[PDB]
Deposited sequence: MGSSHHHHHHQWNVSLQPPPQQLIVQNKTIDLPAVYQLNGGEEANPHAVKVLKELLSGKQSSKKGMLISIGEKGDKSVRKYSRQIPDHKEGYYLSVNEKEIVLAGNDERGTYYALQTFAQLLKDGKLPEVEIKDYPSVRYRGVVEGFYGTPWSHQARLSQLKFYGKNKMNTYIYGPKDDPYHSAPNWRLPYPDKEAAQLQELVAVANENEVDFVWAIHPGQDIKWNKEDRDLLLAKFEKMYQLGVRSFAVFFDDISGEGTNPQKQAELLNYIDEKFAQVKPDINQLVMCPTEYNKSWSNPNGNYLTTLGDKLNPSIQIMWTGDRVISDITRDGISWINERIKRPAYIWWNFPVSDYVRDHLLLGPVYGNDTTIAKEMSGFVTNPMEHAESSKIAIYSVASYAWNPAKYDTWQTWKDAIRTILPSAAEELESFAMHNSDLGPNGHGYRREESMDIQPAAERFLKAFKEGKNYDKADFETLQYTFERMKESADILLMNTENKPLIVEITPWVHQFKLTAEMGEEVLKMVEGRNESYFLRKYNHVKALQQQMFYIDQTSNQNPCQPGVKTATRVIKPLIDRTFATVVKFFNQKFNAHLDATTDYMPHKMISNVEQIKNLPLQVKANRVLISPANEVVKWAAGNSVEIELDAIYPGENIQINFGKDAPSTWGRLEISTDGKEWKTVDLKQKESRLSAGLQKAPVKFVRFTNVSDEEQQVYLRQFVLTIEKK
């Protein structure tokens, strides 16, 4: 299906052959980036004075004079027509002609075109991506590929602002990029121009900015150096900072100075954008004038960014009305999905949904903050492009599938099968969740309800679970060997391994449920235990980032089903045969006995810890919490917030410091046991 869907479309159910012999009118006067696409689509066909007429141009060109009343009078609009006698590709402006050609390219199938007439233009003026996350910035190659992808989906905006780029942010925002990075940025700009994308270079100076002449001038000089590299759009971000940089008068004055002294002196600057310090409703001070001050003081052509009612949120009619009244202009949305920089152990490959589809006139722009996995983010980015171009016709589910089919034609079903179970974020501090595994959830819930209570589970439900696990393994194995988009596969691989293991575990657990004899059960139980260990090894060796290390997959429905089923069936087996099989679901090589306590230990990088508790705690009469590691290690430190040994019996005390935060270095002392008993979090850090 055409993506994004045109504003107006009339199809005739004739079809016509892309002309073998054609006559091209407007090649020397239309957008050269449009003419280039057209000639690629027409190579091997004969350009000659006789034959089918193709007319390409912008309003004002000689080539499309006949069609000027058909051309929408909208920025980035176009008119496209195909019939028996002629083809017309006509923009309101140069970018419109390029976009005509991106629609044309999707219409052409097996050298044939439908007889069609289209009038199209975007509902939202600025549409795109802000690489504005924390973590590993996108590679240069990833970015080249992104920019072509934006062009094909009529996204006109790429805002460059990776938080970990030292020349964008703290500390080196005052310095020009080194030669190597500068030549790369220059190449990005050329490629963005060829795909009709505005490269917006942002700067994040607010953590140590001084409100003086010197820093003002250095900021302009940096902007000037970026102008030399080809940049024609600019932004200044004041997000996630404290101190003097948060002053709204000074922010507005700086932005206004940049406008008057730089954006108004150059012949050719397009966007000028700021992001505020209070960038969502729940974070704006009620007893405060931060947003009204920006609203009143900031020059009216300067955009202001906004994430919604919370840091992570979907955009509502009431929410956008709320911010527009204060900032006095339509908000430029920074939408925090599929960004995963706060749940880095998850991929977010689900559909794009939750945003009101009737508020196009209430937003200046709409951009998505994506994951650090660039190719993976294309599912959401394609969807956002469709949303923001034509929100009234926005179909979440269909666009999700179209995206998957574009990104991985050779294995789209397998990719969809993986993504359906890799959508949710798990629990997080922002409270933001997404649907996952919704097709199997019914059967999952019934099966488990029965099985726990005492009744027979429905056999179709059991088979649906089997079906699922089988299909999961097919998709994992096919995906891992796919070479049509190697960069995608490299990104998702650790999660593909973990997903396969989840599926294998699921199958073995269902064979425990069918429970032929005693020794079959035990073989299956041992196989599960080994798969649990394998999952632990992936979780400790893959994606070892400093925030949320490891790899979690199918967490919403599938892993809890499997874990709860295993626990249940192991309990029934213990009851039946008077045995003592361990029913725990996650492999943990360290042990933790106590009197108080059913908190599972966790391993994160070189940290061994107890899971933070809830039921506030009963502790008296020499009661102890003993942790035994699986070997002796050099101890770095311990940290606790409301004794050691290698031996078991031979103990030495440690004295904790105090800041409300108890903590003591162990200066590489050998440690295997750690014990605590009543006096005056819980994290041992070791050398790995």
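Enquirer: Walk along the deposited sequence from position 1 and note every stretch that has no C-alpha coordinates.
Expert: Seq positions lacking coordinates: 1-14, 611-613, 660-670, 689, 710-718, 727.
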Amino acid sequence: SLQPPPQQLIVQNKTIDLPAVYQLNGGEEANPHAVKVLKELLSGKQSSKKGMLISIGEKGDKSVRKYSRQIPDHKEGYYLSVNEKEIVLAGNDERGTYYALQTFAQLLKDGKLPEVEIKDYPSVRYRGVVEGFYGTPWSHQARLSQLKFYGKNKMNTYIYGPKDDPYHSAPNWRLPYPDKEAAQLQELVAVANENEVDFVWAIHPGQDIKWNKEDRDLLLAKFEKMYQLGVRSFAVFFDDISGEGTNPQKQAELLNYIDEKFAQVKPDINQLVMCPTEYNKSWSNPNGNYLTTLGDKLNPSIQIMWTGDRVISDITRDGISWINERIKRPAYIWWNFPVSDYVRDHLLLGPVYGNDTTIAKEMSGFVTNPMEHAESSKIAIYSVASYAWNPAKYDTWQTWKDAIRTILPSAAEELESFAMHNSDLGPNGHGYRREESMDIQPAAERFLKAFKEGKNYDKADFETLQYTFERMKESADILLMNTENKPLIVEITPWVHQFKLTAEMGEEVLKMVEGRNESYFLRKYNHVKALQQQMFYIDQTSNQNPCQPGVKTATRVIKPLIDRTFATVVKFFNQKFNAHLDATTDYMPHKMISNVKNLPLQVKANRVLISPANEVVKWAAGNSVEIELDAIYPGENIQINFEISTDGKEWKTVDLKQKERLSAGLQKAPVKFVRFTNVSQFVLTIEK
From here on, numbers count along this sequence of modelled residues.
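Enquirer: Which has the higher mean CA temperature factor in the PDB entry, 378-386 or 603-611?
Expert: The entry gives the higher C-alpha B-factor average to 603-611.
Enquirer: Check the entry's C-alpha temperature factors for 356-364 and 513-521, then say which stretch has the higher mean.
Expert: That would be 513-521.
Enquirer: Just to confirm, going by the entry's C-alpha B-factors, which of 63, 31, 645, 70 comes out highest?
Expert: Comparing C-alpha B-factors across 63, 31, 645, 70, the top value belongs to 645.
Enquirer: For the listed residues 222, 559, 109, 168, which one has the largest C-alpha B-factor as given in the deposited model?
Expert: Result of the comparison over 222, 559, 109, 168: 109.
Enquirer: What third of its chain's C-alpha B-factors does residue 103 belong to: lowest, middle or highest?
Expert: As the PDB entry reports it, the C-alpha B-factor of residue 103 lands in the lowest third of its chain.
Enquirer: Quick one: classify residue 455 as lowest, middle or highest third of the chain based on its Cα B-factor.
Expert: Highest third of the chain for residue 455's C-alpha B-factor.
Enquirer: If you rank the chain by CA B-factor, which third does residue 213 end up in: lowest, middle or highest?
Expert: Residue 213: CA B-factor falls in the highest third of its chain.
Enquirer: Would you please rank residue 251 by its C-alpha temperature factor against the other modelled residues of its chain and give the third it falls in: lowest, middle or highest?
Expert: It belongs to the middle third of the chain when residues are ordered by C-alpha B-factor.
Enquirer: Using the temperature factors of the C-alpha atoms in this entry, rank residue 269 within its chain: lowest, middle or highest third.
Expert: According to the entry, residue 269 has a C-alpha B-factor in the chain's middle third.
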